[PDB]
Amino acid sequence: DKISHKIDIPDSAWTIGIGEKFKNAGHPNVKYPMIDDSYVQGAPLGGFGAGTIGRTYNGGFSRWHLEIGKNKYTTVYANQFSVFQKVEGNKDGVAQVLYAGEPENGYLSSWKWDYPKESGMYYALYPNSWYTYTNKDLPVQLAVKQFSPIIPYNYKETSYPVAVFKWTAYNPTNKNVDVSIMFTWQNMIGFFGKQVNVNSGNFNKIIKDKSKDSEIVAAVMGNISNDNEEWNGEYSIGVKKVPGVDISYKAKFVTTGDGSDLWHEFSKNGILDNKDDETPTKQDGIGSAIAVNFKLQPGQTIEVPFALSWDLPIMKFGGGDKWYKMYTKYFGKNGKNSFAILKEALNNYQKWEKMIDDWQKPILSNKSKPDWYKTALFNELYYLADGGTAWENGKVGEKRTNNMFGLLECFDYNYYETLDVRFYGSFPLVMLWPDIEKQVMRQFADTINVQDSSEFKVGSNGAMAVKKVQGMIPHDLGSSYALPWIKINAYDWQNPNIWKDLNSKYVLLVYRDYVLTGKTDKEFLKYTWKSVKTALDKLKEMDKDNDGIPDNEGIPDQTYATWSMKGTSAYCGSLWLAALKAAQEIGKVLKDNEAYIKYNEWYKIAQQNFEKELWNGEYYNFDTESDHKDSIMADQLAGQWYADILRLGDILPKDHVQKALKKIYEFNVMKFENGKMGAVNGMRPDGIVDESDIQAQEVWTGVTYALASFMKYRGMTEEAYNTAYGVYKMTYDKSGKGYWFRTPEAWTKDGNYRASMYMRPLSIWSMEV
């Protein structure tokens, strides 16, 4: 491994061997069907709202999120990088597809598959990933740096459906070597969204953009139809000329064939035929190839950039709505712009590398923080692009100034912006893309007073319930199977209109977004103020016994739905107290004295009653009326956690909060599998896990990271990082369960999981306040 010195991979990059087998992998722990795409994953490519492409550590383009809201795991075997190498003096060279595997069926059988084990490494520190290729049969060593321009405070490049592959080649031997690098890509128009004739009309063309000191050669893979539909658009691959390399290409090879039409050319001398052919296909799958070839002398290094783009302008949801994706603002809407996107990338990628370095450097240069924490912090951000992200630039048909945004809870529970989950999981957005965050909260503000009196069947018990009640904040902003943004509360497993936690969380999210963007945006507080007042007022009506706190009813009425709360709970109670104190402060800022005095009076009566009902000398009781009332809940003081972030001071005494957190560490962390798997939700005071519900026996990964940040702000540094380490270990480490780039909601003590690719563990960014 001499190639690693010639590139700059950071020490905190997650690492694994190409073709490595992982034996300890976790699986779903529920009865009902659930996504398990295996441990063969990698860092995604593509911007926010663009659709994403997961290229795995084995090299394959396998996890397809190009249909917005859907997860489709299947390797498109034609999509590869391949290498030819020939030492001078030798009669024949050697060709190899850089993929640790082979096709299932007989297509592309002529290609050299099965990249051998122990001959290269994969590295990832999102948005960057790397592959090194160190093979005894290949005297020249190769490496590639791949990424998309995911850049905080940038809402432009961050939206781009593009990826750059920056190759580096070095000759450590004492002989000249001829080398070629080839990018192949299938014309994937019709991969999704086309009901019949899936390849019909697909055709490939070659663009040669000649100019002074900048030759670009690219394949544009599109369709002869100009229909403005979900399925129609273009893919493009290409490369930029550099000193010392020649470019060659093949416009059309058959992907539904043995591939020797391409491979007989490449395997001979690493040079393609330069055959243009715009003939449309009927049933055969087609693809394009772009190759560079060059001669490396002993000790010579050379660098060459390839790129990939996809112009698929329209996203369609199952309810019928068609929207334009965000990137169309900068490239157009007609779906004929893939070359323009590719060109932009090939000419500006170095500026993008530096911009990515600029935002990662403040954390990476901090030597007080361990590498493992940095690994988790950056790589958890994968989900912002991979979470079925929807970011609209006009409805098809239809002008407006705001661009609506949605991030899925996950793919098993296909709900956009689930409010509970984004309470924990929206920290990266508020901290790194605050204009998206504020847009999402305005979307919620506009739904507060929506009344939908039509009745739906509740999934858990079969009872009938009203869809959306006036003054109650929605559970979610729709599903990709139906109508995101337009039809809210797609969730039907419980009735969220009776929930005691969502209205409080909403108000806390509003004040968080004011506080964490500099306490400057009065216009935002102005816009949300009436919804905030309405949210707290409706929740006050649920106070039955008149202690100033809404009563949990012993039935599903908060996010830990099946782990039943009754009376005053520590969870909803603390959130209620924090929400009231946040609303006081908004009242002061907007000079709404009536509201200030009201929410101040409610706060004082509730604070007093919360402490009297729940404080037990060591921690705060789960609730006042359940059979598991004295359980130690990991999330018991969630309101105080947010109160620290929002700079609202003490809602509860400092001494009591410190004892409560120490107890959670002593029990929920350290007595659950030696503190190596995070904080289990519920533990009994005797030291055994609360078995009253499945949710109590689960570690929730986002809750554990949030708890770690709470510990961190309260000076409990060892406890914070030790608590968070178990989540890192399980996700990323060789002794974990193989959840890298699909961090789940939860696992049980055996390490098996519920709901991979989950939003909540983005809460790790709460540790960077």
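Just count from 1 along the sequence shown to find any residue number.
- The entry shows an unbroken chain from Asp545 to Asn546, with no unmodelled residues of the deposited sequence in between.
- Higher mean CA temperature factor between 300 to 308 and 680 to 688: 680 to 688, per the PDB entry.
- When the mean C-alpha temperature factors of 477 to 485 and 239 to 247 are read from the deposited coordinates, 239 to 247 comes out higher.
- Across the options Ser504, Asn393, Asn202, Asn176, the residue with the most elevated CA B-factor in the record is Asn176.
- The entry lists C-alpha B-factors for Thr168, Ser288, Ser109, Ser626, and the highest of these is at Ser626.
- Among the modelled residues of the chain, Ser4 sits in the highest third by CA temperature factor in this PDB entry.
- Per-chain ranking of the deposited C-alpha B factor places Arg422 in the middle third.
- For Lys522, the recorded CA temperature factor ranks within the highest third of the chain's modelled residues.
- Placement of the Cα temperature factor of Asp273 within the chain: middle third of the modelled residues, per the deposited record.
- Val657: CA B factor lies in the highest third for its chain, per the PDB record.
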